[PDB]
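Content type mmCIF, N, CA and C atoms and all ligand atoms, from the file model-v2.cif:
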```
data_start
loop_
_atom_site.label_atom_id
_atom_site.label_comp_id
_atom_site.auth_asym_id
_atom_site.auth_seq_id
_atom_site.Cartn_x
_atom_site.Cartn_y
_atom_site.Cartn_z
N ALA A 1 3.82 2.12 -52.15
CA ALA A 1 2.56 1.66 -51.48
C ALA A 1 2.16 0.25 -51.93
N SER A 2 1.72 -0.58 -50.98
CA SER A 2 1.35 -1.98 -51.24
C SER A 2 -0.09 -2.31 -50.80
N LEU A 3 -0.57 -3.49 -51.20
CA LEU A 3 -1.91 -3.95 -50.87
C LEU A 3 -2.04 -4.24 -49.36
N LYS A 4 -1.01 -4.88 -48.81
CA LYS A 4 -0.93 -5.22 -47.40
C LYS A 4 -0.89 -3.96 -46.52
N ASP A 5 -0.37 -2.85 -47.06
CA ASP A 5 -0.41 -1.55 -46.38
C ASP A 5 -1.84 -1.09 -46.03
N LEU A 6 -2.84 -1.62 -46.73
CA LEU A 6 -4.23 -1.20 -46.49
C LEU A 6 -4.87 -1.94 -45.34
N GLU A 7 -4.24 -3.03 -44.92
CA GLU A 7 -4.84 -3.93 -43.96
C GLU A 7 -4.89 -3.28 -42.59
N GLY A 8 -6.00 -3.49 -41.88
CA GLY A 8 -6.17 -2.91 -40.57
C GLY A 8 -7.53 -2.31 -40.34
N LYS A 9 -7.66 -1.68 -39.18
CA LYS A 9 -8.89 -1.04 -38.74
C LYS A 9 -8.73 0.46 -38.89
N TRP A 10 -9.64 1.08 -39.64
CA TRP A 10 -9.51 2.46 -40.08
C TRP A 10 -10.73 3.26 -39.63
N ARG A 11 -10.50 4.50 -39.19
CA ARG A 11 -11.61 5.36 -38.80
C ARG A 11 -11.69 6.58 -39.68
N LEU A 12 -12.90 6.93 -40.10
CA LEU A 12 -13.13 8.08 -40.94
C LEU A 12 -12.75 9.34 -40.15
N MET A 13 -11.94 10.20 -40.75
CA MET A 13 -11.53 11.43 -40.07
C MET A 13 -11.97 12.68 -40.80
N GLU A 14 -12.10 12.58 -42.12
CA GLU A 14 -12.41 13.74 -42.98
C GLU A 14 -13.20 13.25 -44.17
N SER A 15 -14.18 14.04 -44.62
CA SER A 15 -14.95 13.75 -45.83
C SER A 15 -15.25 15.03 -46.63
N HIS A 16 -15.12 14.94 -47.95
CA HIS A 16 -15.47 16.02 -48.87
C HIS A 16 -16.21 15.44 -50.07
N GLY A 17 -17.33 16.05 -50.40
CA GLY A 17 -18.08 15.70 -51.60
C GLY A 17 -18.93 14.45 -51.48
N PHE A 18 -19.11 13.96 -50.26
CA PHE A 18 -19.78 12.67 -50.05
C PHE A 18 -21.28 12.71 -50.41
N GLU A 19 -21.98 13.73 -49.91
CA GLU A 19 -23.40 13.98 -50.20
C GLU A 19 -23.69 13.94 -51.70
N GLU A 20 -22.92 14.73 -52.46
CA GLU A 20 -23.06 14.84 -53.91
C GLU A 20 -22.79 13.49 -54.58
N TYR A 21 -21.73 12.80 -54.14
CA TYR A 21 -21.43 11.45 -54.63
C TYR A 21 -22.61 10.51 -54.41
N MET A 22 -23.12 10.45 -53.19
CA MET A 22 -24.30 9.64 -52.90
C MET A 22 -25.54 10.02 -53.75
N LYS A 23 -25.74 11.31 -53.99
CA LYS A 23 -26.86 11.75 -54.84
C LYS A 23 -26.70 11.23 -56.25
N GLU A 24 -25.48 11.33 -56.78
CA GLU A 24 -25.18 10.76 -58.08
C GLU A 24 -25.46 9.26 -58.10
N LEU A 25 -25.16 8.57 -56.99
CA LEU A 25 -25.49 7.13 -56.88
C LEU A 25 -26.99 6.85 -56.84
N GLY A 26 -27.80 7.88 -56.53
CA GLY A 26 -29.24 7.72 -56.37
C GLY A 26 -29.71 7.48 -54.94
N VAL A 27 -28.83 7.68 -53.96
CA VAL A 27 -29.22 7.57 -52.56
C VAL A 27 -30.17 8.72 -52.18
N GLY A 28 -31.32 8.39 -51.58
CA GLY A 28 -32.29 9.40 -51.12
C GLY A 28 -31.82 10.25 -49.93
N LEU A 29 -32.50 11.37 -49.68
CA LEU A 29 -32.06 12.34 -48.65
C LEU A 29 -31.88 11.73 -47.23
N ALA A 30 -32.91 11.05 -46.73
CA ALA A 30 -32.88 10.45 -45.39
C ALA A 30 -31.65 9.58 -45.20
N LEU A 31 -31.41 8.71 -46.17
CA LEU A 31 -30.30 7.79 -46.15
C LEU A 31 -28.97 8.53 -46.26
N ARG A 32 -28.92 9.56 -47.11
CA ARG A 32 -27.73 10.41 -47.27
C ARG A 32 -27.30 11.04 -45.96
N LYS A 33 -28.26 11.59 -45.22
CA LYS A 33 -27.99 12.26 -43.94
C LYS A 33 -27.54 11.28 -42.88
N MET A 34 -28.08 10.07 -42.93
CA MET A 34 -27.71 9.00 -42.02
C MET A 34 -26.28 8.56 -42.34
N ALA A 35 -26.01 8.38 -43.63
CA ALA A 35 -24.68 8.00 -44.05
C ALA A 35 -23.65 9.05 -43.62
N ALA A 36 -23.94 10.33 -43.85
CA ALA A 36 -22.99 11.43 -43.65
C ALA A 36 -22.63 11.64 -42.18
N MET A 37 -23.58 11.30 -41.32
CA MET A 37 -23.52 11.58 -39.88
C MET A 37 -22.83 10.46 -39.11
N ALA A 38 -23.25 9.22 -39.37
CA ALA A 38 -22.65 8.02 -38.78
C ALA A 38 -21.36 7.74 -39.52
N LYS A 39 -20.24 8.05 -38.88
CA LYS A 39 -18.93 8.04 -39.51
C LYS A 39 -18.10 6.78 -39.17
N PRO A 40 -18.10 5.82 -40.09
CA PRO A 40 -17.66 4.45 -39.82
C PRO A 40 -16.23 4.12 -39.40
N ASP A 41 -16.07 2.82 -39.20
CA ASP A 41 -14.78 2.22 -39.29
C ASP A 41 -14.78 1.30 -40.53
N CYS A 42 -13.60 1.13 -41.13
CA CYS A 42 -13.47 0.29 -42.32
C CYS A 42 -12.37 -0.68 -41.98
N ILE A 43 -12.71 -1.96 -41.89
CA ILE A 43 -11.71 -2.98 -41.58
C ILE A 43 -11.41 -3.69 -42.87
N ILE A 44 -10.12 -3.79 -43.17
CA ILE A 44 -9.66 -4.39 -44.40
C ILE A 44 -8.69 -5.48 -44.00
N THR A 45 -8.84 -6.64 -44.63
CA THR A 45 -7.91 -7.73 -44.44
C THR A 45 -7.42 -8.15 -45.81
N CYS A 46 -6.13 -8.45 -45.91
CA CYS A 46 -5.49 -8.81 -47.17
C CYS A 46 -4.70 -10.10 -47.01
N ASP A 47 -5.40 -11.21 -47.16
CA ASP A 47 -4.76 -12.51 -47.15
C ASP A 47 -4.37 -12.89 -48.57
N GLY A 48 -3.13 -12.59 -48.95
CA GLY A 48 -2.67 -12.73 -50.34
C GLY A 48 -3.55 -11.90 -51.27
N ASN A 49 -4.06 -12.59 -52.30
CA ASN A 49 -5.01 -12.06 -53.30
C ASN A 49 -6.45 -11.86 -52.79
N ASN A 50 -6.74 -12.43 -51.62
CA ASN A 50 -8.09 -12.44 -51.05
C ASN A 50 -8.31 -11.22 -50.15
N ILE A 51 -9.20 -10.34 -50.59
CA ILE A 51 -9.38 -9.03 -49.95
C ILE A 51 -10.77 -8.93 -49.37
N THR A 52 -10.85 -8.58 -48.08
CA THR A 52 -12.13 -8.40 -47.41
C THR A 52 -12.22 -6.97 -46.91
N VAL A 53 -13.31 -6.30 -47.24
CA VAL A 53 -13.55 -4.92 -46.81
C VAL A 53 -14.85 -4.92 -46.03
N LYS A 54 -14.74 -4.64 -44.74
CA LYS A 54 -15.90 -4.57 -43.86
C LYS A 54 -16.10 -3.12 -43.44
N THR A 55 -17.25 -2.55 -43.78
CA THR A 55 -17.54 -1.20 -43.33
C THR A 55 -18.61 -1.26 -42.24
N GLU A 56 -18.27 -0.73 -41.07
CA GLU A 56 -19.10 -0.89 -39.86
C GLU A 56 -19.63 0.43 -39.34
N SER A 57 -20.91 0.48 -39.05
CA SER A 57 -21.49 1.64 -38.42
C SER A 57 -22.60 1.19 -37.47
N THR A 58 -23.15 2.12 -36.69
CA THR A 58 -24.20 1.78 -35.74
C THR A 58 -25.53 1.52 -36.45
N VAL A 59 -25.58 1.91 -37.71
CA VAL A 59 -26.83 1.87 -38.45
C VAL A 59 -26.83 0.76 -39.51
N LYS A 60 -25.66 0.47 -40.08
CA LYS A 60 -25.51 -0.54 -41.12
C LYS A 60 -24.06 -1.06 -41.16
N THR A 61 -23.88 -2.37 -41.35
CA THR A 61 -22.54 -2.96 -41.60
C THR A 61 -22.55 -3.77 -42.90
N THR A 62 -21.62 -3.48 -43.81
CA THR A 62 -21.50 -4.24 -45.06
C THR A 62 -20.11 -4.88 -45.14
N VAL A 63 -20.02 -6.03 -45.78
CA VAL A 63 -18.74 -6.70 -46.03
C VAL A 63 -18.75 -7.34 -47.41
N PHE A 64 -17.66 -7.19 -48.15
CA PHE A 64 -17.45 -8.04 -49.31
C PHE A 64 -16.10 -8.73 -49.15
N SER A 65 -15.99 -9.93 -49.71
CA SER A 65 -14.73 -10.63 -49.74
C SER A 65 -14.49 -11.11 -51.18
N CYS A 66 -13.35 -10.75 -51.78
CA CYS A 66 -13.16 -11.03 -53.19
C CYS A 66 -11.77 -11.56 -53.43
N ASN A 67 -11.52 -12.10 -54.63
CA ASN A 67 -10.17 -12.30 -55.10
C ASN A 67 -9.81 -11.21 -56.09
N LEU A 68 -8.62 -10.63 -55.93
CA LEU A 68 -8.14 -9.61 -56.86
C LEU A 68 -8.34 -10.06 -58.29
N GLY A 69 -8.97 -9.20 -59.10
CA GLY A 69 -9.07 -9.42 -60.54
C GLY A 69 -10.20 -10.35 -60.94
N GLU A 70 -10.93 -10.89 -59.97
CA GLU A 70 -12.05 -11.77 -60.29
C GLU A 70 -13.34 -11.02 -60.06
N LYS A 71 -14.19 -10.98 -61.08
CA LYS A 71 -15.45 -10.27 -60.97
C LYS A 71 -16.35 -11.00 -59.98
N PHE A 72 -17.08 -10.22 -59.18
CA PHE A 72 -17.98 -10.75 -58.17
C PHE A 72 -19.23 -9.87 -58.07
N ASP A 73 -20.30 -10.44 -57.51
CA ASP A 73 -21.55 -9.72 -57.34
C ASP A 73 -21.54 -9.06 -55.96
N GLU A 74 -21.78 -7.75 -55.94
CA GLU A 74 -21.75 -7.02 -54.68
C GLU A 74 -23.13 -6.41 -54.43
N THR A 75 -23.60 -6.47 -53.18
CA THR A 75 -24.75 -5.69 -52.75
C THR A 75 -24.20 -4.55 -51.91
N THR A 76 -24.37 -3.32 -52.38
CA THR A 76 -23.69 -2.17 -51.73
C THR A 76 -24.48 -1.70 -50.51
N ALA A 77 -23.87 -0.85 -49.70
CA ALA A 77 -24.58 -0.38 -48.47
C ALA A 77 -25.94 0.32 -48.76
N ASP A 78 -26.03 0.98 -49.91
CA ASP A 78 -27.27 1.63 -50.32
C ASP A 78 -28.21 0.68 -51.07
N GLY A 79 -27.78 -0.55 -51.31
CA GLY A 79 -28.72 -1.52 -51.86
C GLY A 79 -28.59 -1.79 -53.35
N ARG A 80 -27.62 -1.17 -54.01
CA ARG A 80 -27.31 -1.48 -55.41
C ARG A 80 -26.80 -2.92 -55.56
N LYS A 81 -27.20 -3.59 -56.63
CA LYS A 81 -26.65 -4.91 -56.90
C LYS A 81 -25.70 -4.76 -58.07
N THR A 82 -24.39 -4.76 -57.79
CA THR A 82 -23.42 -4.46 -58.84
C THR A 82 -22.58 -5.68 -59.21
N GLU A 83 -21.91 -5.61 -60.37
CA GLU A 83 -20.81 -6.53 -60.68
C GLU A 83 -19.53 -5.74 -60.47
N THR A 84 -18.65 -6.28 -59.64
CA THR A 84 -17.50 -5.53 -59.16
C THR A 84 -16.19 -6.28 -59.43
N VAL A 85 -15.13 -5.54 -59.76
CA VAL A 85 -13.78 -6.10 -59.85
C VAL A 85 -12.84 -5.19 -59.05
N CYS A 86 -12.07 -5.81 -58.17
CA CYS A 86 -10.99 -5.11 -57.51
C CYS A 86 -9.67 -5.42 -58.22
N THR A 87 -8.88 -4.36 -58.44
CA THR A 87 -7.55 -4.50 -59.00
C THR A 87 -6.57 -3.72 -58.14
N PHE A 88 -5.29 -4.01 -58.32
CA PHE A 88 -4.25 -3.24 -57.67
C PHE A 88 -3.37 -2.56 -58.70
N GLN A 89 -3.39 -1.23 -58.66
CA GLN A 89 -2.78 -0.40 -59.70
C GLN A 89 -2.07 0.80 -59.07
N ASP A 90 -0.77 0.90 -59.30
CA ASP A 90 0.00 2.08 -58.86
C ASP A 90 -0.22 2.39 -57.39
N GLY A 91 -0.07 1.37 -56.53
CA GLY A 91 -0.21 1.55 -55.10
C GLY A 91 -1.64 1.63 -54.56
N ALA A 92 -2.63 1.51 -55.43
CA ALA A 92 -4.04 1.63 -55.01
C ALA A 92 -4.87 0.38 -55.25
N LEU A 93 -5.71 0.06 -54.27
CA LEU A 93 -6.77 -0.91 -54.46
C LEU A 93 -7.88 -0.20 -55.22
N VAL A 94 -8.25 -0.73 -56.38
CA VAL A 94 -9.24 -0.05 -57.24
C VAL A 94 -10.44 -0.97 -57.29
N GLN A 95 -11.59 -0.47 -56.84
CA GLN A 95 -12.85 -1.22 -56.83
C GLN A 95 -13.81 -0.61 -57.88
N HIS A 96 -14.03 -1.34 -58.97
CA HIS A 96 -14.84 -0.86 -60.06
C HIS A 96 -16.21 -1.55 -60.02
N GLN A 97 -17.28 -0.76 -59.91
CA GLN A 97 -18.66 -1.28 -59.84
C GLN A 97 -19.44 -0.91 -61.08
N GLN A 98 -20.22 -1.86 -61.60
CA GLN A 98 -21.13 -1.64 -62.74
C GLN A 98 -22.51 -2.18 -62.39
N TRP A 99 -23.54 -1.39 -62.70
CA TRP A 99 -24.95 -1.78 -62.50
C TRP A 99 -25.86 -0.91 -63.37
N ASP A 100 -26.86 -1.51 -64.03
CA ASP A 100 -27.84 -0.71 -64.79
C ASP A 100 -27.15 0.13 -65.86
N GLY A 101 -26.07 -0.38 -66.44
CA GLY A 101 -25.30 0.40 -67.41
C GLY A 101 -24.55 1.61 -66.85
N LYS A 102 -24.56 1.76 -65.52
CA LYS A 102 -23.82 2.82 -64.83
C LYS A 102 -22.53 2.24 -64.23
N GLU A 103 -21.62 3.12 -63.84
CA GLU A 103 -20.37 2.68 -63.24
C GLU A 103 -19.84 3.67 -62.21
N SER A 104 -19.12 3.15 -61.23
CA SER A 104 -18.43 3.95 -60.24
C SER A 104 -17.12 3.28 -59.88
N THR A 105 -16.14 4.08 -59.48
CA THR A 105 -14.90 3.52 -59.00
C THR A 105 -14.56 4.09 -57.63
N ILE A 106 -14.10 3.21 -56.75
CA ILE A 106 -13.59 3.57 -55.46
C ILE A 106 -12.14 3.12 -55.38
N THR A 107 -11.26 4.08 -55.12
CA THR A 107 -9.85 3.83 -55.03
C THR A 107 -9.43 4.00 -53.55
N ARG A 108 -8.59 3.09 -53.05
CA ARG A 108 -8.08 3.19 -51.69
C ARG A 108 -6.58 3.14 -51.74
N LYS A 109 -5.94 4.14 -51.16
CA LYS A 109 -4.50 4.22 -51.24
C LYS A 109 -3.94 4.75 -49.93
N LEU A 110 -2.79 4.23 -49.55
CA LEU A 110 -2.10 4.73 -48.38
C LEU A 110 -1.26 5.96 -48.78
N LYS A 111 -1.55 7.12 -48.18
CA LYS A 111 -0.75 8.32 -48.37
C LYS A 111 -0.36 8.94 -47.02
N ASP A 112 0.96 9.07 -46.80
CA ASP A 112 1.47 9.67 -45.58
C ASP A 112 0.80 9.03 -44.33
N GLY A 113 0.75 7.70 -44.32
CA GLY A 113 0.20 6.93 -43.20
C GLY A 113 -1.32 6.90 -43.09
N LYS A 114 -2.03 7.65 -43.94
CA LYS A 114 -3.51 7.67 -43.94
C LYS A 114 -4.07 6.93 -45.16
N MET A 115 -5.26 6.34 -45.02
CA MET A 115 -5.94 5.76 -46.16
C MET A 115 -6.86 6.80 -46.81
N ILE A 116 -6.57 7.09 -48.07
CA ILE A 116 -7.33 8.03 -48.85
C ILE A 116 -8.26 7.21 -49.72
N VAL A 117 -9.54 7.52 -49.62
CA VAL A 117 -10.57 6.80 -50.36
C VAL A 117 -11.21 7.80 -51.30
N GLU A 118 -10.95 7.62 -52.60
CA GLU A 118 -11.55 8.48 -53.62
C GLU A 118 -12.69 7.74 -54.32
N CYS A 119 -13.87 8.34 -54.32
CA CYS A 119 -15.03 7.75 -55.00
C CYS A 119 -15.44 8.62 -56.19
N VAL A 120 -15.56 8.01 -57.36
CA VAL A 120 -15.95 8.74 -58.57
C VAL A 120 -17.19 8.09 -59.18
N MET A 121 -18.17 8.92 -59.50
CA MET A 121 -19.21 8.51 -60.40
C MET A 121 -19.54 9.72 -61.25
N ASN A 122 -19.42 9.55 -62.58
CA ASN A 122 -19.61 10.65 -63.53
C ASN A 122 -18.75 11.86 -63.15
N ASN A 123 -19.35 13.05 -63.05
CA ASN A 123 -18.64 14.27 -62.64
C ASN A 123 -18.55 14.49 -61.12
N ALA A 124 -18.97 13.50 -60.34
CA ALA A 124 -19.03 13.63 -58.90
C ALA A 124 -17.88 12.86 -58.25
N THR A 125 -16.98 13.59 -57.60
CA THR A 125 -15.88 13.00 -56.85
C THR A 125 -16.02 13.26 -55.36
N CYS A 126 -15.70 12.23 -54.58
CA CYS A 126 -15.69 12.28 -53.13
C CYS A 126 -14.31 11.85 -52.66
N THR A 127 -13.74 12.57 -51.69
CA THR A 127 -12.51 12.14 -51.06
C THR A 127 -12.79 11.90 -49.57
N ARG A 128 -12.41 10.73 -49.07
CA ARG A 128 -12.58 10.40 -47.65
C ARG A 128 -11.26 9.97 -47.03
N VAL A 129 -10.91 10.54 -45.88
CA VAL A 129 -9.62 10.25 -45.26
C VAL A 129 -9.81 9.41 -43.99
N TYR A 130 -9.18 8.24 -43.97
CA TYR A 130 -9.21 7.37 -42.79
C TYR A 130 -7.85 7.32 -42.11
N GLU A 131 -7.90 7.19 -40.78
CA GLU A 131 -6.72 6.97 -39.98
C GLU A 131 -6.81 5.66 -39.20
N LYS A 132 -5.64 5.08 -38.95
CA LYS A 132 -5.51 3.77 -38.34
C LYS A 132 -5.87 3.85 -36.85
N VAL A 133 -6.78 3.00 -36.41
CA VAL A 133 -7.16 2.93 -34.99
C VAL A 133 -5.99 2.35 -34.20
N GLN A 134 -5.63 2.95 -33.07
CA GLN A 134 -4.57 2.35 -32.23
C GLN A 134 -5.10 1.08 -31.57
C1 LIG A 201 -18.91 4.55 -45.52
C2 LIG A 201 -20.08 3.58 -45.75
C3 LIG A 201 -21.42 4.32 -45.65
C4 LIG A 201 -22.04 4.10 -44.25
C5 LIG A 201 -22.77 2.75 -44.16
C6 LIG A 201 -24.25 2.92 -44.51
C7 LIG A 201 -25.08 3.69 -43.48
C8 LIG A 201 -26.57 3.90 -43.79
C9 LIG A 201 -27.13 2.77 -44.67
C10 LIG A 201 -27.31 3.10 -46.16
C11 LIG A 201 -26.89 4.50 -46.61
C12 LIG A 201 -26.02 4.41 -47.87
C13 LIG A 201 -24.68 5.14 -47.79
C14 LIG A 201 -23.82 5.06 -49.04
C15 LIG A 201 -23.55 3.60 -49.36
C16 LIG A 201 -22.47 3.29 -50.41
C17 LIG A 201 -21.75 4.48 -51.04
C18 LIG A 201 -20.27 4.15 -51.17
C19 LIG A 201 -19.70 4.06 -49.76
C20 LIG A 201 -18.18 3.96 -49.79
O1 LIG A 201 -17.60 3.03 -50.35
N1 LIG A 201 -17.57 4.95 -49.12
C21 LIG A 201 -16.12 5.08 -49.02
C22 LIG A 201 -15.77 4.92 -47.57
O2 LIG A 201 -15.77 3.52 -47.33
CL CL A 202 -22.68 -8.86 -50.88
#
```

As structure tokens:
Amino acid sequence: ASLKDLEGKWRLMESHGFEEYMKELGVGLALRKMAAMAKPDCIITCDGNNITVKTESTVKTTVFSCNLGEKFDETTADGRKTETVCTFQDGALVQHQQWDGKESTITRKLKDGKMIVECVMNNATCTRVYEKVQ
């Protein structure tokens, strides 16, 4: 699996543990239900080391653009202001966020033609499965 393998337009097909993950993040109920219901597309572009992740929905669209391994300031879809580093490790794009002495990691990996997005914060894990839009 490679970084360029992640590039493209992706649609959410399956989600597990998302609500609990968002609660661990501190997302309130109203916002949680909105997030869970509006099921996005995630557009990723990989121009060399320069990685852009755009998450699009009818309710909110967020984008970050980073260089691999360089720390950057991210404003997340729920409004957290984090310091983030993306790395590439064992076939996965690893996005590590830190804010308020807390941390979360989001891993994106191509498995069997699908993008698997694993989100961890503390004891709360979320798995989200995306498929490539034709
Ligand atoms: C999928 C993005 C959430 C939908 C966009 C926000 C919609 C409503 C606005 C605010 C509600 C906040 C929802 C959770 C935001 C960030 C949690 C991590 C999302 C993520 O990377 N999730 C892994 C999949 O990319
Ligand atoms: Cl930002």

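Here the question is which of A:65, A:75, A:55, A:89 gets nearest to ligand LIG 201 (chain A) using only C-alpha atoms and all ligand atoms, and that residue is A:55.
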
What are the closest atom pairs, with distances in Å to one decimal, for each residue of chain A lying within 10 Å of ligand CL 202 (chain A), using only C-alpha atoms and all ligand atoms, rows by chain and rising residue number, as JSON lines?
```
{"residue": "A:62", "atom": "CA", "partner": "A:CL202", "partner_atom": "CL", "distance": 7.5}
{"residue": "A:63", "atom": "CA", "partner": "A:CL202", "partner_atom": "CL", "distance": 6.6}
{"residue": "A:64", "atom": "CA", "partner": "A:CL202", "partner_atom": "CL", "distance": 5.5}
{"residue": "A:65", "atom": "CA", "partner": "A:CL202", "partner_atom": "CL", "distance": 8.2}
{"residue": "A:72", "atom": "CA", "partner": "A:CL202", "partner_atom": "CL", "distance": 8.9}
{"residue": "A:73", "atom": "CA", "partner": "A:CL202", "partner_atom": "CL", "distance": 6.6}
{"residue": "A:74", "atom": "CA", "partner": "A:CL202", "partner_atom": "CL", "distance": 4.3}
{"residue": "A:75", "atom": "CA", "partner": "A:CL202", "partner_atom": "CL", "distance": 4.2}
{"residue": "A:76", "atom": "CA", "partner": "A:CL202", "partner_atom": "CL", "distance": 6.8}
{"residue": "A:77", "atom": "CA", "partner": "A:CL202", "partner_atom": "CL", "distance": 9.0}
{"residue": "A:79", "atom": "CA", "partner": "A:CL202", "partner_atom": "CL", "distance": 9.6}
{"residue": "A:80", "atom": "CA", "partner": "A:CL202", "partner_atom": "CL", "distance": 9.8}
{"residue": "A:81", "atom": "CA", "partner": "A:CL202", "partner_atom": "CL", "distance": 8.2}
{"residue": "A:82", "atom": "CA", "partner": "A:CL202", "partner_atom": "CL", "distance": 9.1}
```

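Candidate residues A:54, A:60, A:39, A:109 were compared for distance to residue 4 of chain A, and the nearest is A:109, using only C-alpha atoms.
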
**OP:** Report as a count of residues only which protein, DNA and RNA residues come within 8 Å of ligand LIG 201 (chain A), using only N, CA and C atoms and all ligand atoms.
**Re:** 43

Please return the centre and edge lengths, in Å to one decimal, of a box with edges along x, y and z that contains all listed atoms of segment 9-18 of chain A, widened by 6 Å on every side, as lines of an AutoDock Vina configuration file.
```
center_x = -14.5
center_y = 7.2
center_z = -45.2
size_x = 25.6
size_y = 29.7
size_z = 24.9
```

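Minimum atom-to-atom distances from A:98, A:53, A:125, A:6 to residue 84 of chain A were compared using only N, CA and C atoms, and the lowest value belongs to A:98.
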
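Here atom N of residue 130 of chain A and atom CA of residue 93 of chain A stand 14.1 Å from one another.
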
Open item on the list: Going by DSSP on the backbone, which residues of chain A come out as helix (DSSP H, G or I)? List them as a VMD selection string.
Closed with: chain A and resid 4 to 6 18 to 25 29 to 37

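In terms of minimum interatomic distance to residue 67 of chain A, A:52 ranks closest within A:122, A:104, A:2, A:52, counting all atoms listed in the file.
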
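With distances restricted to all atoms listed in the file, A:24 is the closest residue to residue 124 of chain A from A:110, A:24, A:15, A:47.
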
- prompt: Mind checking DSSP for chain A and telling me the strand (DSSP E or B) residues as a VMD selection string?
  reply: chain A and resid 8 to 16 41 to 47 50 to 56 61 to 67 72 to 75 81 to 89 92 to 99 102 to 111 114 to 121 124 to 132

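Candidate residues A:120, A:1, A:133, A:68 were compared for distance to residue 87 of chain A, and the nearest is A:68, using all atoms listed in the file.
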